[PDB]
Every structure is written in structure tokens, then in C-alpha cells.
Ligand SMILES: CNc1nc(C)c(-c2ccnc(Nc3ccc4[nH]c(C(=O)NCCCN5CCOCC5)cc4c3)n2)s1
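Let's start with one chain on its own, the form deposited without the ligand, as C-alpha cells.
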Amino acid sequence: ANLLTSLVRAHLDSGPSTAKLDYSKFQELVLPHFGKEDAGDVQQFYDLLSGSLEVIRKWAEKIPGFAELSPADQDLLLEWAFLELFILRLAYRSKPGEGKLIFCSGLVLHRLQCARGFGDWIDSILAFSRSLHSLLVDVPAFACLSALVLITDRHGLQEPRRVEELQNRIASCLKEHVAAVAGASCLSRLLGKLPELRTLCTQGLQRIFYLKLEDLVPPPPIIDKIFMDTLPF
């Protein structure tokens, strides 16, 4: 399974091992003033989004065939999938049974430590984490499903058939994996969680809208561009 192996490898290299989990800012209990934020909460919010986008862009460059799509198409796919991938990956790696968010750099933060920057959104992502975890999606299936989040039709693709071919290829790889484990239907079960995920993408845009309104610190330009480019209207 050579595409599968490459996908797994790209996934594992885009995230921290248990070895490299960074507890240096983690606090088991903080006492926040809920419903408000300060500049450092907002900057950290954006820094975490920024750091994830860089990691995702490197992950994507490892999905065989992706780096040969047009540069515009690469950028388009990445922007339209970014928040969904940030959420899905964060949920898959976090430990909601401990209130722990684990970000792609290895940084661990307690839910209470994310409350001011993220608002309600982080408590919602942790709920989806529990929902996702109860499906018991294995790493290779996740490696495929995450790639399929990114490699998908989008309005404005220059070469939509080449994206569709790559989507076909990954979906076949996934099908062959789930057969091999079995020795198509949990799929239905997993797709049942998609509305929760979509709602979460929306909530992310809602949070960024609010923070832009408030403007304690501006979003970094690359995030701001994703926000603006993905607003239908």
C-alpha cells in the first residue's frame, strides 16, 4: 500500500509524538474572566492558527500528487480546508477526558487556558473530540480522511479533474485499508458527525469575525486572507 504509507507518514510527521509534548505552558487550573479577552489571549489564538496552517501546508506537500497541482489550486484547496483541518486534527489529537487541547507543535493547554482566546469554540471542539474518538478511527483511515478533506472539489479550481483524480485515488486507498482491517459503512457513521464539524467551521469564522471587530491585535495577513477568501458573500 504505497500511497497509504505515504499518507500515514505525512500525517505522523505533521504532529507531535508523545515524546515531544510540551507541557511548559500547561496549567491544570487557571481562573479566567470568561467572556472577555486581552491582547495576549488574542495573539496566542492567532499564533496557534498560524502555526497550524504552516504545518498543514507542509503536510499537504507530502501528499503524493499535491505538490504538482497548480500553485493557485494548491493555495485554494488549502485555504478552503484550513479551518476544517485545524479542527479535525486538533480534535483527533486532544484528550477531552482531561480537558487537554494538544496543538500541532506539541503544546498542551487546558480548556480553561483556551477559553479567553477561543471563546465557546474550544469547548465545542472538545465535544467533537469526544464524538470523533467514540468512532475509534485508526491512524491510516484518519490519514486518508484528512487528505480527502483537503483534496476535494472547490469553485475556482483551474484543474478540477486532476483534483478529482487524486480524490479518487485516495478514496480507493482508504477503501482497501478498511477492507484489510475488516478482513463503506462506519463511513456512514463517521459522515453522521460531519454536521457537527461544519458547525465548528462556522463557529471558527464567527470567532475570527468577533475578534476582528474587537481588534485588540489584528489577524496575521495569511489568516486574514483565508477568512476573507472563504466568506460566501
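Residues carry their position along the shown sequence, with the first being 1.
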Going by the entry, of stretches 186-194 and 168-176 the one with greater average Cα B-factor is 186-194
Record-listed C-alpha B factor of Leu21: chain third: highest
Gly106's Cα B-factor: lowest, middle or highest third of the chain? highest
Tertile call for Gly51 (CA temperature factor, within chain, third-based) is the middle
What third of its chain, lowest, middle or highest, does the C-alpha temperature factor of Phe34 fall into? highest
Taking the C-alpha B-factors as the PDB entry records them, is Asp120 in the lowest, middle or highest third of its chain? highest
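Omitted from view is the form solved in complex with the ligand, to which the following refers.
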Whether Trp59, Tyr92 and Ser146 all lie within 4.5 angstroms of the ligand in the bound PDB entry by heavy atom: yes
Under a 4.5 Å heavy atom criterion, is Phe142 part of the interface with the ligand in the bound PDB entry? yes
is_contact(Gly117, the ligand) in the bound PDB entry, heavy atom dist at most 4.5 Å: no
Would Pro16 count as touching the ligand in the bound PDB entry under a 4.5 Å heavy atom rule? yes
Contact test in the bound PDB entry: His133 vs the ligand, heavy atoms, 4.5 Å: yes
